[PDB]
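Okay, so here's the structure we're looking at.
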Amino acid sequence: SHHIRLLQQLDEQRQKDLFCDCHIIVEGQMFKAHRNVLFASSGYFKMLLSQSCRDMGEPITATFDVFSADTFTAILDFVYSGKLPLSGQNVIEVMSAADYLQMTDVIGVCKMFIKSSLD
Amino acid sequence: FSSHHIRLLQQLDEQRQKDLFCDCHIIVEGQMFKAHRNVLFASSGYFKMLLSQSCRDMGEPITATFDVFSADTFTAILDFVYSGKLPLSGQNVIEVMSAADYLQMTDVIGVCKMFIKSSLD
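Those protein sequences? They're chains B and A, same order as listed. Start counting the first sequence at 5; every next residue gets the next number (the authors' numbering). Start counting the second sequence at 3; every next residue gets the next number (the authors' numbering).
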């Protein structure tokens, strides 16, 4: 119960722009999140944020142009909730953006959605 | 229950052990504790109030000092924040619950209250 409650409050912080030390700019859209959460949930951010892992001050700004803003929205919502809204239209786009960000958990969820829909 | 929640909190604890993204230092009984501000803000009413002034300002790590409870008492509480497991026994169940109401942590109080009701029944 503690885990579910904590992540809901962590999701509330990024919505209210609280303790957001990381800015993600995808398709010209701004996304606010926490550095310690992205470092722990994505292999790409583990490498990108490793340089300034102990230095605090200016929020680290990251830019992406390889996936859409709606695709990153479903991925970023999964990080702060554990729920990934998958459908026949975005299952391939989300899974394709997941391996670039090196998120093995998202890839497995998208792969399971395909196996279920195909059966 | 969900694996994503369990996995994330385990990695957050690894960061605090390795002093990664730790923008908050807690000094209790002369012992140094490193942790994250966003995690403490979400798990404690006191830290929600303490970090509310610098919730959007980043820079110098916020240092918090406590002298009303011991370092071993705060260790069990801080470990519960980064794991969800609270080792309770007859020696520290009252000290942890007393320190929980000080930090305004209703979740820790409920665990101690459930631990007392179970042992006596």
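Beta carbons: idealized from backbone N, C-alpha and C, even for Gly.
Anticipated Cβ contact below 8 Å, residue i with residue j, distance rounded
i      : j      : result
A:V30  : A:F68  : 5 Å
A:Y104 : A:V70  : 6 Å
A:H6   : B:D109 : 7 Å
B:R18  : B:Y84  : 6 Å
B:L14  : A:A44  : 6 Å
A:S46  : A:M107 : 5 Å
Burial state of residue i (16 or more Cβ within 10 Å)
i                    : result
residue 1 of chain A : Outside the modelled stretch of chain A, which goes from 3 to 123, sits residue 1 of chain A, for which no answer is possible.
B:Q93                : exposed
B:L42                : buried
A:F3                 : exposed
B:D123               : exposed
B:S121               : exposed
Delimiting residues of the alpha helix (DSSP H) encompassing residue i
i      : result
B:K119 : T108 to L122
A:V30  : Not the alpha helix (DSSP H): A:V30 falls in the beta strand (DSSP E), residues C26 to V30.
A:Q55  : No alpha helix (DSSP H) contains A:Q55, which DSSP labels as neither H nor E.
B:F82  : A73 to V83
B:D15  : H6 to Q19
A:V98  : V95 to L105
Own chain, CB closer than 6 Å to residue i, minus 5 neighbours either side, in chain order
i     : result
B:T65 : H27
B:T75 : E97, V98 and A101
B:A73 : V30, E31 and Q33
Proximal residues to residue i (C-beta, below 7 Å), its chain only, five neighbours per side dropped
i      : result
B:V95  : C114, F117 and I118
B:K50  : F43
A:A37  : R18, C24, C26, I28 and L80
A:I111 : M99, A102 and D103
B:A78  : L88, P89, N94 and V98
B:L52  : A66
B:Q12  : none
Unbroken beta strand (DSSP E) run spanning residue i, endpoints
i     : result
B:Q33 : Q33 to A37
A:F3  : Premise fails: A:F3 is in no beta strand (DSSP E) and is neither H nor E.
A:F68 : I64 to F68
Proximal residues to residue i (C-beta, below 8 Å), its chain only, five neighbours per side dropped
i     : result
B:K87 : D81
A:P63 : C24, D25, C26 and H27
B:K20 : none
Quiz item: Do three or more CB pairs link the stretch 54-63 of chain A to the stretch 17-25 of chain B at distances below 8 Å?
Solution: yes
Quiz item: If we count Cβ pairs, one from each stretch, closer than 8 Å, do we get three or more for the stretch 107-119 of chain B versus the stretch 30-46 of chain A?
Solution: no
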